[PDB]
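Protein chains in written order, with the authors' numbering: chain A, 9 to 269, 297 to 655; chain B, 418 to 695; chain C, 555 to 736.
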Amino acid sequence: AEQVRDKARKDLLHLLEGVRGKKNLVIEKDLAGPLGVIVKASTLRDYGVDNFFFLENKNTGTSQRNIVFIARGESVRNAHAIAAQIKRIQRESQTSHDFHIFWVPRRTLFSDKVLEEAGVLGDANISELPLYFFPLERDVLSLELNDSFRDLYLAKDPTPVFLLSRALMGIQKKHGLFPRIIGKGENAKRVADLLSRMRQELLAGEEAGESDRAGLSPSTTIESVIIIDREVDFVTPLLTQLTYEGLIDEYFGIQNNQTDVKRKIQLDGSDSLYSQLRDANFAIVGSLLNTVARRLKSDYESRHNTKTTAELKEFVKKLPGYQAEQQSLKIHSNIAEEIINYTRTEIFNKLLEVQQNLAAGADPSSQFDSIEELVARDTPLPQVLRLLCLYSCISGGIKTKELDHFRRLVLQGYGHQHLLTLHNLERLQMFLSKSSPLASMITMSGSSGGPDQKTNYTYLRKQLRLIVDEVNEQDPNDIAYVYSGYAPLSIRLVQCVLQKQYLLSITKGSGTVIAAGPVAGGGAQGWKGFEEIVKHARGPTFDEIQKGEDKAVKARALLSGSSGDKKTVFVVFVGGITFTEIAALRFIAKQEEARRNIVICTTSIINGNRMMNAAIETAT
Amino acid sequence: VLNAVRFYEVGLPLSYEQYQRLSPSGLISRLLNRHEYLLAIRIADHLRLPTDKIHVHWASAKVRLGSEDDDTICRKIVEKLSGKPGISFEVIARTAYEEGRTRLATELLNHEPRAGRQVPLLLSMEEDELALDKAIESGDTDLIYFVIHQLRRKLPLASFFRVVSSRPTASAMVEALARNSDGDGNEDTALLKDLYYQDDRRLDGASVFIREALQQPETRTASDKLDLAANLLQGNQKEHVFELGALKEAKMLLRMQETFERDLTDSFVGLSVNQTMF
Amino acid sequence: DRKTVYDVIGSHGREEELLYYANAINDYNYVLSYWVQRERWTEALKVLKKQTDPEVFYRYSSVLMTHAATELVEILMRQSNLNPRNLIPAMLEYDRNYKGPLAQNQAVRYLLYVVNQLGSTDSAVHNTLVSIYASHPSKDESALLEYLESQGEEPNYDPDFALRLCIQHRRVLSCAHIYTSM
């Protein structure tokens, strides 16, 4: 994923260099984060940027001749804020006050029109700034469309779907086209169809009398793209993450790897402790930080004492690492305290028992007493709401006689703002009710693929190994360990596409399913051998290949990949990907690492507390 | 070429001096103006001249002069233009629009996949629905918004909402514009209510008013906006069993918090039921 | 230790301070590598004006040629005793990326400026000029052929070579001209 950092920097810094003299830079707060990922303020100051302003708080000044704006053009908010600052700057400025505006990869006519209507933008220098798929992590590419999840499913707003297919085109057009496109879900299909049409646009530009025709050859380095919609798995997002990174996100929240507590230290995979602890189970990490403290203290507080240069130099060259580890260790110890206060208080373990018991198919009413205690203890809003939703999603619809008991805890837990919470849950389809006309679990060949159908967990729990009691928290052999045995469907639906061996072992579930093992093991390509399961999930199925004479040549080269020539695989989550899913994808990516490089691609990274607080953040 | 056009059946004999005075391309147009394309190609081939203008002229002649149906003609035109891969479909489709053959123009514009050009051509032809489809299929949020703005400006609201509702992706993007009237949370309820009526989004109409209820000063404005939000929930009680009954609970949940602030001095506003009991 | 600095910077990404240091130690190879990643047009030209380094200039120019090839000519053309082959063949790489007539007109202008300023009589220079001109003549093929015709017969050297390229593009109308020229 880090290879795109140069591209993102290239375009951002190029446009800034085009501005002569000293300039003030105005950055959208909701874009500044993603920008901070690729460049530092010092990177921008090296290009002549002096002051740093924001649009939302109307922060302006007249200190520089050139004023430069960076913002998303998918909303009028920025066009208005920019025009507002321009009008104020021109009124107070005693200089030429040249203005420059940098927009999304394709600046919109709407944005430009709104700017022009201001009457003060007539001399403005407006240009495209094609930043997409920000390098949030070495294995993760994110468009950072943080509001994508909410808008994409509350209003069915396709904006992130359109941006994603374009952003994906923005990669494959340079690294070669995906020889195969597959995916599951309504929005997943849209992305797959958009990618096919965008390829036609690249040839059509010549026929349109515009840009030169692209060769559009298939990639020799990229094997495939897998696109999965958020609507496909509405159960996984409702479980609390048990990993260390999950502890941080579940209690505090991770954005831009920055996060609240000090903004002096960034926590990411480059950290020597985080790369080892981030995927650790909460029951284990409490012992890993002590393991780190013992090994760190031995080299940091001892061994080097009284040593002469000949031996001391071994610790001197490493000391900077020991100091960083000690600083990160204290931070990690503070996170450990946060979990300890929930495990010694029967809060974290209590919600886990509910998640494990529901996953196994236990009657959800039996877990109600455990949920009531969590509400009574004033645990965080998203931690109670997840349990007050998951129970219905697992069952596939429950009678109102029982739903009301859980619903009472939703209104009691959220207060008068619960009205927005319930409306968002229904619109986001994260709450099921038997009384609904949409309360229909997909049946075998039951004309599946409609927007009014839901994934049949109660069937797929037998078709796939979604229930795992074999998880090893310290040394796991399955993704299920992230949830201590949940074996999340959103990942199984990807694993069964990524490798035929995964398909063979994943579908080896109940005694009426394992008979298909020999068929599942033949799924060398596409969805073959997985049709029984694909047909029982929500939304349509997409499977198409790249056209052209050399398509077979590239396909053979890509299926001939080896450890000395690893091939890249794109896994795409539409509507945003949760941290539990990212950790699960890293686990499988490591197992397949010997042959292929699997990269996680998303419209956004969903915080565990972002989905259940939609009624809180939009209520502020 | 001189002998080719000197035969007594079809031709116009031409001297060297006359040949030189008439532009090289004029040795083609002299036949195109007669609706002669077979010879026009032969003449152009001998003279090593462009033949794209011949196929364009011929296709336009079929559009204006033919007694054939739009589908019969458009099939014949695309077969001839596809073998001469220049830019001809827009030119003929424009002629087809002028001649009233809008079915023919639509088919010709399907051979130019780039929505960047097809959308403004469909808008220039005042053809609705199709302009949205080209923008949506390409996934260009500029073109989709652009068509939406042109539909919003051209149509008297009711036709605007009913055309975008037929294309749910466009409908949601209409809402996206309506959610940001001035931006920064300033939603336009005038457009949102009509968008929601087309898609029967009763809970989203209430959610707009509820967001105002909570973004505006707590309690004092929340009570007025929540009561207004309730007026968008006056629908069927099926499906949305708990979502609709929640409006009564929201009023009682806020009412008890305000009551405690008045009598207990210490405010309970913004607290959950379990938090207030604590 | 230069490596220590390079390694440390890469882990955090503070390239802008590294570049300043890199200039102080004059690690030319690193300065140019980092430029390509960012394509900071202004910086590349400042570096080429100061040191140039003709042995690396060509490979470095391969990226710069896309943005504005003409400017590169003005910088190198004045660098003392210049080997003319450092500017000519750069166009071979540019024409591979573009197809349209606007790119072709730019391509002609680049080569004409380079050869007119050099005044070279080198056969390699002339041979490459003729090949590109015939391969990518834009629209006004005649005016472009007239330029080579004015220079003389020698610049083309190989009759069949120049003819094959001119003939494949246009027959009869352009054949008469190229056959008369040499």
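From the three backbone atoms N, C-alpha and C, an ideal C-beta is built for every residue, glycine too.
DSSP three-state call for residue i: helix, strand or coil?
i	result
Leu681 (chain B)	helix
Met476 (chain A)	strand
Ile190 (chain A)	strand
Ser446 (chain B)	helix
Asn316 (chain A)	strand
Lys489 (chain A)	strand
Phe563 (chain B)	helix
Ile504 (chain B)	coil
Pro226 (chain A)	strand
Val199 (chain A)	helix
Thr341 (chain A)	coil
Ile494 (chain B)	helix
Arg650 (chain C)	helix
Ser624 (chain B)	helix
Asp19 (chain A)	helix
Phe60 (chain A)	strand
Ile35 (chain A)	strand
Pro537 (chain B)	helix
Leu144 (chain A)	strand
Consider the Cβ of residue i: report whether some Cβ of chain B lies at a distance smaller than 8 Å.
i	result
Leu727 (chain C)	yes
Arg724 (chain C)	yes
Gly223 (chain A)	no
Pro166 (chain A)	yes
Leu438 (chain A)	yes
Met465 (chain A)	no
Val128 (chain A)	no
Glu136 (chain A)	no
Give me the DSSP bridge partner(s) of residue i.
i	result
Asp237 (chain A)	A:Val609
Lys602 (chain A)	A:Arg631
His108 (chain A)	A:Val76, A:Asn133
residue 279 (chain A)	Coordinates for residue 279 (chain A) are absent; the numbering of chain A skips from 269 straight to 297.
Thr251 (chain A)	A:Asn316
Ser232 (chain A)	A:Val604
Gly556 (chain B)	In the DSSP output, where bridge partners are listed per residue, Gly556 (chain B) has none listed.
On the premise that residue j lies in contact with residue i, defined as a C-beta separation below 8 Å, what is that separation, rounded to the nearest angstrom?
i	j	result
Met476 (chain A)	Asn491 (chain A)	4 Å
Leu250 (chain A)	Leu160 (chain A)	Actually they do not touch by this definition, with Cβ atoms about 27 Å apart.
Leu331 (chain A)	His367 (chain A)	Incorrect: roughly 11 Å between the Cβ atoms, too far for contact.
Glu629 (chain B)	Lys642 (chain B)	5 Å
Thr558 (chain B)	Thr116 (chain A)	7 Å
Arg462 (chain A)	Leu246 (chain A)	That pair is no contact at about 15 Å.
Taking Cβ positions only, does residue i come closer than 8 Å to chain A?
i	result
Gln591 (chain C)	yes
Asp557 (chain B)	yes
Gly483 (chain B)	no
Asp550 (chain B)	no
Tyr560 (chain C)	no
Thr586 (chain B)	yes
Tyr562 (chain B)	yes
From the beta carbon of residue i, is the nearest beta carbon of chain C less than 8 Å away?
i	result
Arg17 (chain A)	yes
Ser50 (chain A)	yes
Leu21 (chain A)	yes
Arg465 (chain B)	yes
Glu628 (chain A)	no
When every heavy atom of the ligand GTP is checked, does at least one fall within less than 7 Å of the C-beta of residue i?
i	result
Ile633 (chain A)	Inclusion of the ligand GTP in the displayed structure is not the case, the ligand content being empty and no account of it being possible.
- Query: Pairing CB atoms from the region 416–434 of chain A with CB atoms from the region 599–617 of chain B, are three or more of them under 8 Å?
  - Reply: Not touching, per the Cβ criterion.
- Query: With contact counted as at least three CB pairs below 8 Å, one residue from each stretch, are the region 651–658 of chain C and the region 684–703 of chain C in contact?
  - Reply: Between the region 651–658 of chain C and the region 684–703 of chain C, the count of Cβ pairs shorter than 8 Å is three or higher; the stretches touch.
- Does the region 641–652 of chain C come close enough to the region 603–616 of chain C that 3 or more CB-CB pairs lie under 8 Å? Taking 8 Å as the limit for Cβ pairs, the verdict is that the region 641–652 of chain C does touch the region 603–616 of chain C.
- Task: Say whether the region 580–600 of chain A touches the region 209–216 of chain A, bearing in mind that this needs 3 or more beta-carbon pairs closer than 8 Å, one atom from each stretch.
- Result: No: the two stretches stay apart, fewer than three of their Cβ pairs being nearer than 8 Å.
- Query: How do the region 45–61 of chain A and the region 121–134 of chain A stand: do at least 3 beta-carbon pairs fall below 8 Å, yes or no?
  - Reply: No contact exists between the region 45–61 of chain A and the region 121–134 of chain A.
- Query: Pairing CB atoms from the region 322–340 of chain A with CB atoms from the region 382–397 of chain A, are three or more of them under 8 Å?
  - Reply: With the cut-off at 8 Å, the region 322–340 of chain A and the region 382–397 of chain A do not touch.
- Item | contact_flag[the region 534–545 of chain A, the region 495–507 of chain A] where n(CB pairs < 8 Å) is 3 or more | Judged by Cβ distances under 8 Å, the region 534–545 of chain A makes contact with the region 495–507 of chain A, as three or more pairs qualify.
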